[PDB]
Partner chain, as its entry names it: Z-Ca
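In the block that follows, a single chain appears as structure tokens, in the form solved without its partner chain.
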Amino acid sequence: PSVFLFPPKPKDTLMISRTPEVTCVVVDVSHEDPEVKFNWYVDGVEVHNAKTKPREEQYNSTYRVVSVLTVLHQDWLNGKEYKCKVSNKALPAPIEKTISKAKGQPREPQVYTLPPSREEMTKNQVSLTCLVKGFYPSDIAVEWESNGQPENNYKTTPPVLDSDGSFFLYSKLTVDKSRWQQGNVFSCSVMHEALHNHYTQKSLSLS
């Protein structure tokens, strides 16, 4: 059987209101050795409050058994080390994967907004750009707002690694050229641990 350990969503670890969960996925458990017994540890110290989900048989030969652990916000942002430990008869020794927040100094993202280029202004819709660079680790979340209302016609590139070991990304919001003319304000907002209040906003409006 094969063990895969997953980290929480970036907004879940950043907002005091939400619930971050580290997940531990067991795959390839036989119908003759079906017993999977987990053992979680936070800095090697065993915890018992994991919520093992209903065992679901995957559509092939085998089941997959998933254990959800809520993590403390302080702990994950102090990159404590979460050890999943799945035991099965079919295994030689118990398998032990280990996840944590990315090690090293957290670095503040720089957030810049870029307005559509003139060549684009000839088209029906235009492209509002948000550059976010110099941040570490790569766990981040980017959204678009206008008139304090969620804009949702955007796409964001993945974090790309840069020469200093920090990350950058761009987010592109697509709007009707008409709407951007008449100088509406559109806002790019970024949530990252290194920010004060784990949030910054920047904005952009027709000059």
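Residue numbers count along the first chain shown, from 1.
The next section is about a form of this same protein that is not shown, the form deposited with its partner chain bound.
Asker: Should residue 195 be counted as a contact of its partner chain in the deposited complex, where contact means heavy atoms within 4.5 Å?
Answerer: So residue 195 counts as contacting its partner chain.
Asker: Heavy atoms within 4.5 Å of its partner chain in the deposited complex: does residue 24 have any?
Answerer: Answer no; every heavy atom of residue 24 is more than 4.5 Å from its partner chain in the deposited complex.
Asker: Are any of the heavy atoms in residue 85 no more than 4.5 Å from a heavy atom of its partner chain in the deposited complex?
Answerer: So residue 85 does not count as contacting its partner chain.
Asker: Is there a heavy atom of residue 148 no more than 4.5 Å from a heavy atom of its partner chain in the deposited complex?
Answerer: Answer yes; at least one heavy atom of residue 148 falls within 4.5 Å of its partner chain in the deposited complex.
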